[PDB]
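Visitor: Please find the sequence and an experimentally derived structure below.
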Amino acid sequence: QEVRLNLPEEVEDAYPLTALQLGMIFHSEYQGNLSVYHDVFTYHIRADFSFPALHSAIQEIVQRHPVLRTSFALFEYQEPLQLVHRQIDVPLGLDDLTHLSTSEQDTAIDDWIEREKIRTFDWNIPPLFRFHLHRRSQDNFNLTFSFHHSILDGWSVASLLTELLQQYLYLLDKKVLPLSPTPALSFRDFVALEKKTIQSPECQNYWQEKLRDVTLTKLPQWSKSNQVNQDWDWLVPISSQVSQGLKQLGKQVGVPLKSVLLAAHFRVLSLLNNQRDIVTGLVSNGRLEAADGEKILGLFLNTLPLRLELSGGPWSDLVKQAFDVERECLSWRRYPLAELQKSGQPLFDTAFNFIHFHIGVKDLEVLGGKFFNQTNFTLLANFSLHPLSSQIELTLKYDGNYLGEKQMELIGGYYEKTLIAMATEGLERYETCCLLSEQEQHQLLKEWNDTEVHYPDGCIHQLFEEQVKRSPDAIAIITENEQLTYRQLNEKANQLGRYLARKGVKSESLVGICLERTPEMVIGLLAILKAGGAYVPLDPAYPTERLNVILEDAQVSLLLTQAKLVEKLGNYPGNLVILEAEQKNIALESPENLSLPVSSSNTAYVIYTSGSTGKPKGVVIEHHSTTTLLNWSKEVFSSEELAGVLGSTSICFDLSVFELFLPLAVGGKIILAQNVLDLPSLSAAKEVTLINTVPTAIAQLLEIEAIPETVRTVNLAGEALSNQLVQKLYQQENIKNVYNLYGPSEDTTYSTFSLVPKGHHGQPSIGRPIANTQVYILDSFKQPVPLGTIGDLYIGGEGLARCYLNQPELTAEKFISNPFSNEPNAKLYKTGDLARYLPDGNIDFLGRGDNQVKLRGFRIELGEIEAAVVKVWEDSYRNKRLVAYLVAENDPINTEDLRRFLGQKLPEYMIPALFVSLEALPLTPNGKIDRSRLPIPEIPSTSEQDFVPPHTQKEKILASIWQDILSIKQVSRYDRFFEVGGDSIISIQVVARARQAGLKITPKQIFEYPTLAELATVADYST
Ligand SMILES: Nc1ncnc2c1ncn2[C@@H]1O[C@H](COP(=O)(O)OP(=O)(O)OP(=O)(O)O)[C@@H](O)[C@H]1O
Ligand SMILES: *P(=O)(O)OCC(C)(C)[C@@H](O)C(=O)NCCC(=O)NCCS
């Protein structure tokens, strides 16, 4: 070996770094913040000092342990490797501050630590630590130890300080306690043992099987620590009683106490993620199994991805399966984390750690307990057993860039209440126990569902009849070829309703309707309602089968049709009321209002939808649910907005219930059209003050400048609403309100509403519930999810349907008992949609639960156009990546700028790798979109096989460096770092070999400018 013997005489030993050591420097120097894995421990001490014996005692310890004389040589050699220097002098800093009061003394000490912790170490120059003294009285003094975590774990520090203080007193004649020689020790024996382990096929295949089809999870983020600096420690109270009960539980189950505390961690993660399949890092203390193999100092840690599914059960079952998953991976535990995953595919967001441990002249620390230390984990649960009380306690160490105090306050409560339940009610089902704070329960369940409003009872047509009395000569409908006054419309609805009544239609009688969109259509609706029946909507502009499958399901009493559509019908064996055939017999009927004793609980209509697989399902909507919607709409929309409401939606769909009956309830008029795309070619387009449609259709009308300047409100509902679009609509200055509304057919037409602000930033929400409607975000066990967590959207209140027609079993499945109401009838409708709450109570709609897709990093959903459409193009790999479909407006967009812009705003696993610059996106009419008809892209390479543009704007030195460390021939200037096989651990030796080459770069600059092109510019010289 010409390296063993080509070492400085300074160095006596040399051996490579572990993947963790390189992982730690990677995190320490990821940016210039430089606070992670630089630990600073201080100690306030009543004693008699010995600044010479204290110093010499350090010299005894540093020569005692090679890791305490270790330098780092990163780039210069083949692999980064640790250089063990033969001996080093190490000073002890001193400050005298007796002249200051005790309160002033800690201000100046914390000031010293705050300065020291970001004061980086020079790896190549030993030692990787510093000591320091602050003098207060001749007996009060602070001793501070500042070190880098790549050299020492918390265990190493513990026994490092121990050997110290019994060689400090050794040189003091207080008690002579001789120190024993070092054992068969080597941090290399571990470094050598960890190398053997990376190439062992039994470790690789084991974790390959254990992690096969995991569901990775990121914690929810809706806050940051922009207030607290480095008090990123959250203290979770644990009382004496609860510590004892936690110990009792581990005895009863028969596992070590650590497995009880680990099960609490798993409980809160499942709660926070609404995920039963949970992965979290277990901090393992990989010491050499020989005796006196835990007295050697160094870094012996590996963090393993423990996987576990929370099916449910008593707490004791969760404990036992936390024990089962720990021994399961006991022997295979030294396989390093970096070899498990890849850079940018972190296996877990969080981690668990448990710290077991255990006179008057000096010895005792008076205020010696301040430990500053940070990891790279967003949430580390730092359990320990206090050495003197033997009581359990917990500190949540969190990443303020990812979790704020408004969030950590709730996380800490979840941990506190989880440990309460385990210690006191440790025999309940853990998946039903309420871990949410009393404050959070009230806000999620009460305050954000406080929508009760007392409206007049009654029916849909009663709202119309009353408006006829109040303005009988006002216009009710304007079609292309006629109008009708409120009296004129009413009198015909009475006449048709009487003819139907004397044909034999009464309460709960279903009469369908297949009519071309003319005023007889609305007359048909109103006459059916005025008699006391309920209409089943049919639209002649739809294929004949769709009509048949509904009539089949509904089995209607009789059908109102025109002579021109009976033909379209498959000879419905029931009674027909071919309208024009016997208009003569209509006209004999009275014009007076039928005043039948209709109940608001009678069915008003049966709206037919399709399930996920495509079966018919008729939604039975009562009058009171519709009147509640209309009465609420009276409050929200003005008379000037309701002056002319466009009737564009097919009555087969529930948005027609809003467009038709609402203007008739207030005095406005239906501006009737065949669809929203006929609006520009319509006579009364000038009269339209409100349109009620779907985002794509209003985009259609926007390109061609087809929105009448008299339109003052736009109601949007039915697909994803881009804030880019509401901002165009508001730019037409007459448009005064733009609403995003949500609601399944099972909850009448609308369930939630949001008056999307002008200039509003970010995703538009679907808002919060309308009058007499309640919303809940639950898990599979119908438990409310924490604020910000994704869950199933449930809806209750006055808008819920009776049932699915002729399908009572599906009705029970979808309309479940309401756990949050005492009322007898109280149901909740399972929407099948996912959602979460924004902090202000607004609801963030996340789509149906079925098509929410998957990938490593974190398996969740797409719908992230907020940055266009995203797709999943399954290729014959069955190994996949995210695809974009962009358009833009004028000049091209730097597609990479569109990724780094999202790098600091959106998570990396969600950020796609493939872009497509398009123009024409698919749509087969104005509603049905075709995801499967999106252009399958081509791999950017080929055509340019050995595509190698020369590299002349100082890529020169950068390309050199990539080439030497990555073993590839030469690089192209537009190549990406991670695609040519670079990772986090390699990013360091890229920064380092760029250092002596005259360039300063950060690992953060590598991960946001991974191309050799944009990385070369942000590179610096610094004279
Ligand atoms: N990505 C999104 N961002 C904001 N709002 C959305 C999004 N997707 C749907 N919505 C809202 O949901 C309401 C109606 O549900 P919608 O049919 O749009 O759900 P979807 O996600 O588009 O469809 P699916 O439920 O089939 O995934 C509309 O008000 C619409 O604004
Ligand atoms: P890159 O994306 O490959 O980065 C890898 C890593 C640095 C995140 C990882 O390999 C790593 O080293 N994690 C550190 C494990 C740890 O924190 N151990 C001690 C916890 S106190």
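Guide: Happy to help now that I have it. Residues are numbered from 1 along each chain as shown. Ligands and ions are numbered 1, 2, ... in the order given.
Visitor: All the strands of the stretch 501-650 of the chain, in order from the start?
Guide: Along the stretch 501-650 of the chain, the stretches classed as strands by DSSP state E, counting those that start in this stretch are 510-514, 534-538, 558-561, 575-578, 603-610, 616-622, 644-647.
Visitor: winner for burial among these?
Guide: Mean neighbour count (mean count of other C-beta atoms under 10 Å) peaks for strand 644-647 among the strands of the stretch 501-650 of the chain, with a mean of 28. C-beta here means a position set from N, CA and C on the backbone, and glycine is covered the same way.
Visitor: by contact count, what packs against the helix or strand just after that one?
Guide: Next helix or strand after strand 644-647 toward the C-terminus (DSSP states H and E): helix 655-666. Contact analysis of helix 655-666 by 3 or more C-beta pairs under 8 Å, 6 or more residues apart in numbering; DSSP states H and E lists helix 460-470, helix 623-636, strand 644-647, strand 669-672, strand 690-693 as its packing neighbours.
Visitor: Just say which of these is most tucked in.
Guide: strand 644-647 (a mean of 28).
Visitor: I'd like to know which elements that one is packed against.
Guide: helix 655-666, strand 669-672, strand 690-693.
Visitor: Nearest to ligand 2, out of those?
Guide: strand 690-693 (46.1 Å; C-beta to the nearest ligand atom).
Visitor: Residues contacting the next helix or strand after the closest one, please?
Guide: Where DSSP H and E defines the elements, the next helix or strand beyond strand 690-693 is helix 695-703. Residues from elsewhere that reach helix 695-703, judged by C-beta atoms under 8 Å, 6 or more residues apart in numbering: 648, 676-677, 679-680, 691, 706-707, 714, 716, 718-722, 725, 728-729, 923, 926-927, 929.
Visitor: So which of those residues belong to strands?
Guide: Mapping those onto strands (DSSP state E) picks out 691, 714, 716.
Visitor: What is the burial count for the second one?
Guide: Translated: residue 714. 25 (other C-beta atoms under 10 Å).
Visitor: begin at 872 from here
Guide: Shifting the count to begin at 872 puts that one at residue 1585.
Visitor: residues in contact with residue 1806?
Guide: Per C-beta under 8 Å, 6+ apart, neighbours of residue 1806: 1756, 1787, 1789.
Visitor: how far away is the last one from ligand 2?
Guide: What that stands for is residue 1789. 32 Å (C-beta to the nearest ligand atom, to the nearest Å).
Visitor: And for residue 1438, the neighbour number?
Guide: For residue 1438, using other C-beta under 10 Å, the count is 11.
Visitor: no no, residue 947
Guide: 12.
Visitor: what about the strands in the stretch 872-1021 of the chain?
Guide: 882-887, 909-917, 941-944, 952-956, 963-967, 1000-1006, 1011-1019.
Visitor: Distance to residue 1509 for the helices and strands packed on strand 1515-1518 - can I get that in TSV?
Guide: TSV is the format used below for the helices and strands packed on strand 1515-1518 (distance: least, C-beta to C-beta, whole Å):
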stretch	distance to residue 1509
helix 1526-1537	9
strand 1540-1543	15
strand 1561-1564	10
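Visitor: Using TSV, lay out these together with distance to ligand 1.
Guide: What follows is these, written out as TSV (distance: least, C-beta to the nearest ligand atom, whole Å):
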stretch	distance to ligand 1
helix 1526-1537	11
strand 1540-1543	23
strand 1561-1564	11
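Visitor: ok, and whichever residue of the stretch 1622-1771 of the chain sits closest to ligand 2, which helix or strand is that part of?
Guide: The nearest approach of the stretch 1622-1771 of the chain to ligand 2 comes at residue 1728, 10.9 Å away (C-beta to the nearest ligand atom). Under DSSP H and E, no helix or strand contains residue 1728.
Visitor: Residue 1750 now?
Guide: Short version, using DSSP H and E: residue 1750 is in no helix or strand.
Visitor: Any residues of this protein in contact with ligand 2? List them.
Guide: 890-891, 894, 897-898, 1154, 1172, 1174, 1208-1209, 1214-1215, 1246-1247, 1854-1856 (C-beta under 6 Å from any ligand atom).
Visitor: Which among the contacts of helix 1566-1574 count as buried?
Guide: Among the contacts of helix 1566-1574, those classed as buried by 16 or more other C-beta atoms under 10 Å are 1519, 1547-1548, 1550, 1562, 1578, 1585, 1587, 1589, 1591-1593, 1596, 1600, 1797-1798, 1800.
Visitor: Looking at those, which are in helices?
Guide: 1596, 1600 (DSSP state H).
Visitor: which stretches of the stretch 1122-1271 of the chain form helices?
Guide: Using DSSP state H, counting those that start in this stretch, the helices of the stretch 1122-1271 of the chain run over residues 1128-1144, 1186-1198, 1208-1211.
Visitor: I'd like to know which residues of this protein are adjacent to ligand 1.
Guide: 1588-1592, 1611-1613, 1634-1635, 1637, 1704, 1716, 1718-1719, 1734.
Visitor: which residue sits closest to residue 1643 in space, ignoring its chain neighbours?
Guide: Spatial nearest neighbour of residue 1643, chain neighbours left out: residue 1669 (3.8 Å); criterion: C-beta to C-beta, 6 or more residues apart in numbering.
Visitor: Please export the C-alpha coordinates of the longest helix anywhere in the chain as CSV.
Guide: For the chain, the longest helix by residue count, based on DSSP H, is helix 1276-1295. In CSV, the C-alpha atoms belonging to helix 1276-1295 read as follows (Å, rounded to 0.1, in the frame of the first residue of the first chain):
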residue,chain,number,x,y,z
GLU,A,1276,-44.4,26.1,17.2
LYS,A,1277,-48.1,26.2,16.3
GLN,A,1278,-47.5,22.7,15.0
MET,A,1279,-45.1,21.5,17.7
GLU,A,1280,-47.5,22.6,20.4
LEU,A,1281,-50.0,20.1,18.9
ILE,A,1282,-47.4,17.4,18.3
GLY,A,1283,-46.2,17.6,21.9
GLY,A,1284,-49.8,17.2,23.1
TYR,A,1285,-50.2,14.1,20.9
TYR,A,1286,-47.1,12.6,22.6
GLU,A,1287,-48.2,13.7,26.0
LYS,A,1288,-51.8,12.3,25.7
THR,A,1289,-50.5,9.1,24.0
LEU,A,1290,-48.3,8.4,27.0
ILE,A,1291,-51.2,9.3,29.4
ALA,A,1292,-53.4,6.7,27.7
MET,A,1293,-50.8,4.0,27.6
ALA,A,1294,-49.9,4.5,31.3
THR,A,1295,-53.5,4.8,32.6
